[PDB]
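A structural walkthrough
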Amino acid sequence: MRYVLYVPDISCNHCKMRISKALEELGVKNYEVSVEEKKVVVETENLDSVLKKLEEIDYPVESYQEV
């Protein structure tokens, strides 16, 4: 299923990568990051694993929502 995280730590361009590296190594297969809108979609079967990974890269998510 796919979820639009809200990651305000992506206020910067370097921050965009921090997520992606950790998502690729998490093993997501469909995702997008936005520094413009401080946002991440992931498409995965355990969202928890993503939200965990986000906190464990120092990037606490505010909220998410399914799309």
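Residues numbered from 1 in each chain as written, not as in the entry; some residues may be left out. Heavy atoms only, no water.

In its metadata, the entry names solution NMR as the structure determination method.

Under the PDB entry, the name given to the protein chain is Heavy metal binding protein, and the organism recorded is Thermotoga maritima. The record lists the entry's title as "NMR structure of heavy metal binding protein TM0320 from Thermotoga maritima".

1. Considerations on the UniProt feature "domain: HMA" (unreviewed entry) in the protein chain
Note the cut-off: UniProt positions are given in the numbering used here, feature names are shortened, and annotations may be inferred rather than shown by experiment. In this description a helix means any DSSP run of H or I spanning at least four residues, a strand means any run of E spanning at least two, and both kinds are numbered starting from the N terminus.
According to UniProt, the feature "domain: HMA" (unreviewed entry) maps to residues 1-62 in the numbering used here. With 37% helix and 24% strand, residues 1-62 has its two end C-alpha atoms placed 19 Å apart.

2. Here's the deal with the pairing of strand β2 (residues 30-34)
The condition is simple: Here the rule is simple: two strands pair whenever DSSP picks up at least two bridges between them.
Pairing geometry for β2 and strand β3 (residues 39-43), over five bridges, is antiparallel. For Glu32, the partnering residue across the bridge sits in β3 and is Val41. Hairpin connection of β2 to β3: four residues between the antiparallel strands, including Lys38 at a positive phi of 55°.

3. Things to note about the sheet that holds strand β1 (residues 2-6)
Here is the rule we go by: A fitted line through C-alpha atoms serves as each axis, taken over the contacting stretch for helices, and the angle formed by two N-to-C directions is quoted from 0 to 180°. In what follows, residue pairs with any heavy atoms lying within 4.5 Å of each other are defined as contacts.
Taken in spatial order, the three strands make up an open sheet running β1-β3-β2, and their pairing is antiparallel. On the outer flanks of this sheet lie β1 and β2, each paired with one strand and no other. Strand-to-strand twist in this sheet, taken as the mean axis angle between neighbours without regard to direction, amounts to 10°. The pairing of β1 with β3 spans five bridges and is antiparallel. Across the sheet, residue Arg2 finds its bridge partner in β3, namely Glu43. Across the sheet, helix α1 (residues 13-26) touches β2 and β3, and the angle it forms with β2 is around 165°. Across the sheet, helix α2 (residues 47-55) touches β1 and β3, and the angle it forms with β1 is around 20°.

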